[PDB]
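Scroll down for the structure; my scribbles are underneath it.
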Amino acid sequence: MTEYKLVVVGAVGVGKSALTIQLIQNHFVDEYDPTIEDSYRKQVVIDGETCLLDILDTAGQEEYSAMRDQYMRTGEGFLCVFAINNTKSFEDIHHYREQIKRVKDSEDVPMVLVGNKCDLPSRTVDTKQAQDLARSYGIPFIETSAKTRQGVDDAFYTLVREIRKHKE
Amino acid sequence: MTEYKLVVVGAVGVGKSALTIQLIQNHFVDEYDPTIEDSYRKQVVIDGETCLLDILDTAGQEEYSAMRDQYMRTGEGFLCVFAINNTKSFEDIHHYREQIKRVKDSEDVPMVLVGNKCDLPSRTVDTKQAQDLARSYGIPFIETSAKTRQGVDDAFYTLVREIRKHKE
Amino acid sequence: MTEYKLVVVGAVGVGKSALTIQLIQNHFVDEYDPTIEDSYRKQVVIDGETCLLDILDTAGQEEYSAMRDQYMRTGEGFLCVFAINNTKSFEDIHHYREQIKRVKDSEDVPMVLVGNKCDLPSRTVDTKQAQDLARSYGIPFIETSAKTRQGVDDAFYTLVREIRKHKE
Amino acid sequence: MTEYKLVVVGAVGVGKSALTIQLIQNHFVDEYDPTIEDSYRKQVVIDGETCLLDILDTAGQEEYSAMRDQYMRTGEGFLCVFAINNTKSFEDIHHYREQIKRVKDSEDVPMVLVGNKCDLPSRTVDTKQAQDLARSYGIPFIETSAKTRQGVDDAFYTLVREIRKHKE
Amino acid sequence: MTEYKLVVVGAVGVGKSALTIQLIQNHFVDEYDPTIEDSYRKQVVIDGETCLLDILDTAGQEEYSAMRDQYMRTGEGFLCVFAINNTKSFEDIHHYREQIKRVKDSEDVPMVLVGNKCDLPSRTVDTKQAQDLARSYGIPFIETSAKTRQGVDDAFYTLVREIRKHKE
Amino acid sequence: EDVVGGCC
Amino acid sequence: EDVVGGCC
Ligand SMILES: Nc1nc2c(ncn2[C@@H]2O[C@H](COP(=O)(O)OP(=O)(O)O)[C@@H](O)[C@H]2O)c(=O)[nH]1
Ligand SMILES: Nc1nc2c(ncn2[C@@H]2O[C@H](COP(=O)(O)OP(=O)(O)O)[C@@H](O)[C@H]2O)c(=O)[nH]1
Ligand SMILES: Nc1nc2c(ncn2[C@@H]2O[C@H](COP(=O)(O)OP(=O)(O)O)[C@@H](O)[C@H]2O)c(=O)[nH]1
Ligand SMILES: Nc1nc2c(ncn2[C@@H]2O[C@H](COP(=O)(O)OP(=O)(O)O)[C@@H](O)[C@H]2O)c(=O)[nH]1
Ligand SMILES: Nc1nc2c(ncn2[C@@H]2O[C@H](COP(=O)(O)OP(=O)(O)O)[C@@H](O)[C@H]2O)c(=O)[nH]1
Ligand SMILES: [Mg+2]
Ligand SMILES: [Mg+2]
Ligand SMILES: [Mg+2]
Ligand SMILES: [Mg+2]
Ligand SMILES: [Mg+2]
């Protein structure tokens, strides 16, 4: 039974936790402890295919969980998340991509660039910049709002689709 | 005799203090203790109407003053200030607006978006972005420089005009 | 019959005693012991309202009367008096205002700035300075002469009006 | 530089004090002790002539001031003041004129009839009556308001002009 | 590393201590014993030049400390401080300047005129008076507030710049 | 807002 | 009561 191991990475407070909880529990969490790293499973149907999603919501803590190590190693796809109203979070993306390429020791890791908080009127990262970055990396770019659930299924499902291609 | 209670809010060091002092004392203060919250009065003539301005210059303490609570409650108009060379301060605006709407429990609170430090050549927030944000909110956007006095009377007077409309 | 508790404060010799005696007893006192603190009552009609004025004439001696303590505490309004021919007494006003705000632990204490001795040709404090100070504080400024009774009823009555607003 | 000695006479409360203070100090006094007699000097330019005005504000004290005696004697011109809303004060005028003629022992004393309180809507002495009286005496009649400064310079300056004519 | 010896002089309670402590310790002292004379050092960067400031905070005790004597003699620059709400302190400045010229036996002593307590509403020394005095002396005039840190770095740094010119 | 601070 | 009121 196909499990997809997804790892959600990005600057603190970009909404990695909010996105994951939205996907899993169908609600929007205003306050999710910035340090808590947790894993979540959900059975979903994507393009008629039932699969298990096994998602690590990283909090970038240092302190060693055996599960987290296994996850970076055996993580099949990575959501690289920034917030569209947080320029720093966007600048950080390259760092996250670099890290993932090093862990996997590969140029071709299934990955989706995610611009979260797209509900906000205070946008500082234009879509074109994000699209240019995604294009340079040859990965999808998806705009999400954890608050309004916009593109939430899309972000995760797109990563699965990226993994499916890669495996095949 | 009309008093207007104005509340100046925004990220630290955007120039809330410098703007208020400019209006009140007609000089530019390069160093005004970031933590000091104070109130100021001035009698001014706006469109031939003499009024008293009663201005709270916020300095976002997390220290509970009964006066500050009363002020947010009884503040009639809010200057939401960012610095045009400070992207973070612009990102923060949305937060301030939200807070004010919640305090006042109203979608129609007189408010002016103020882009301060217009004198600087190092602009990172373009005017059109600020205008788009103000438009979305349906409030005036004014460019100010506390250093040169550009638009200073304008910012405060515009808020008064917003209040006048609201009351009438 | 509503009682108003008024407290007259200011530098020694500015005419706190002369003003209070003028109001109460309708004569100008050449010599009133600088140390003598006392309270006085008078029935007046203010805006058709009959009220009792209960006035503490402060003298700031270093002997502390329980009446004066009660008065600072339970004083509803403060005449802050300077002499228009005494610059130091004007400088001191700020100090008195500070003290009152601390006693009352309130930024909104009914108060009137009083420039006494307006009969004298030797003016050193111009009216605009006094008006600007009152304006900055958002309180009335009244010019009085204890000698010629100019503005005497006015000073006290204005304070009552300030109190009336505050209460209501 | 010519000094002009002016003496202001008239029934109590007609505004002799308020008029003189207006001229001298450029403000309107709410309360001027009815009994206080004082003298005031001011340097003025009247028709391009700089002159010193030396004004006695009479208060109808019987009680002997050496200054007042000397003033009636050496007073060069007399403002005879009534209030336009006070019939008695008008009736008294004739008395004042008589007294002045006897003091000066002359029927040709520079004099101006002054109808004060011209700001009031409650007029009881019509202008025509006052004009008739002034005409019978062959002196100017001037309407003044000490409150609004109406005709104030005019009244005093006209008396100076009367004195100038007399001396010529 | 160049040491600059600065000497802060002025009437008691003008804020020599409050200014010096603000510069050195970055806080405003409510109560600093008026008689306590102390010396303070701080390393600063002024115009890219790192220097040691060696500041004597004079307390004008008529009591002779060997430190203070050495300091008057070896003091390179003098802050002449008044309070903008203290006329007497301004009147004294001339006296201080005279004394400094006599100690140095020189007409060319680096000096800055400092108007302190600019945060006070009770201003009795207008800026133009202070500017005229500074101009007559050919020295900088800086307005300071020890409370809000306004112009504090400015006052001290300006004196250093004055010294730098003098030496070089 | 201040009057939960952040209280859920 | 009044200003907290029903609110918290
Ligand atoms: N408008 C909007 N707000 C979001 C979104 N995602 C998260 N938030 C808000 O910002 C925070 C994001 O969640 P958080 O768990 O702290 O971020 P993480 O550490 O990156 O997982 C929460 O306080 C939410 O209130 C989004 O897609 N849109
Ligand atoms: N270039 C520029 N700088 C400014 C302006 N206004 C204020 N500043 C600087 O910003 C700093 C802080 O001002 P302040 O009002 O205390 O910060 P606030 O609490 O964000 O209002 C001071 O160093 C000022 O000199 C302006 O209009 N233009
Ligand atoms: N011109 C004038 N003189 C006054 C007035 N009030 C008091 N004086 C004089 O100022 C002196 C000090 O008066 P006092 O009432 O003791 O001042 P206090 O200590 O402030 O109460 C007295 O000798 C009075 O003659 C006033 O309103 N106008
Ligand atoms: N309405 C009005 N009141 C005036 C005028 N001149 C004086 N008064 C007032 O008359 C009242 C008492 O009379 P006052 O002027 O003191 O008369 P005096 O004591 O005889 O000089 C005061 O309230 C004065 O302010 C005027 O032109 N119009
Ligand atoms: N409010 C205000 N107070 C000041 C300022 N500068 C000095 N002070 C005051 O100065 C008083 C004593 O001054 P101090 O520094 O000991 O002066 P020195 O003894 O003459 O060197 C204190 O009570 C402070 O309140 C200022 O800029 N604003
Ligand atoms: Mg988190
Ligand atoms: Mg501030
Ligand atoms: Mg007294
Ligand atoms: Mg009179
Ligand atoms: Mg000291």
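First residue shown is number 1, and so on along the chain.
The deposited model was determined using X-ray crystallography, 3.5 Å.
Placement of Cβ uses the backbone N, Cα and C atoms for every residue, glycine included.
Taken straight from Swiss-Prot:
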MOD_RES   C:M1  N-acetylmethionine
MOD_RES   C:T2  N-acetylthreonine
MOTIF     C:32-40  motif 'Effector region'
CARBOHYD  C:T35  (Microbial infection) O-linked (Glc) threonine
MOD_RES   C:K104  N6-acetyllysine
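Mapped onto this structure are the features recorded in Swiss-Prot.
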residue: C:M1; record: N-acetylmethionine; CB count, 10 Å: 7
residue: C:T2; record: N-acetylthreonine; CB count, 10 Å: 13
residue: C:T35; record: (Microbial infection) O-linked (Glc) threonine; CB count, 10 Å: 11
residue: C:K104; record: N6-acetyllysine; CB count, 10 Å: 17
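Each residue of the motif 'Effector region' (C:32-40) gets a DSSP state, and the totals for helix, strand and coil are 0 helix, 3 strand, 6 coil. The list of residues near the motif 'Effector region' (C:32-40) in space but at least 6 beyond its ends in sequence, with Cβ under 8 angstroms from a Cβ of it, reads 12-13, 17-18, 20-21, 24, 54-61, 63, 65, 67-68, 71. A Cα-Cα distance of 24 Å separates the residue listed as '(Microbial infection) O-linked (Glc) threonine' from C:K104 (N6-acetyllysine).
A straight line from the CA of C:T2 (N-acetylthreonine) to the CA of C:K104 (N6-acetyllysine) spans 21 Å. Looking at C:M1 (N-acetylmethionine) and C:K104 (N6-acetyllysine), their Cα atoms lie 24 Å from each other.
Secondary structure at C:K104 (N6-acetyllysine), as computed by DSSP, is helix.
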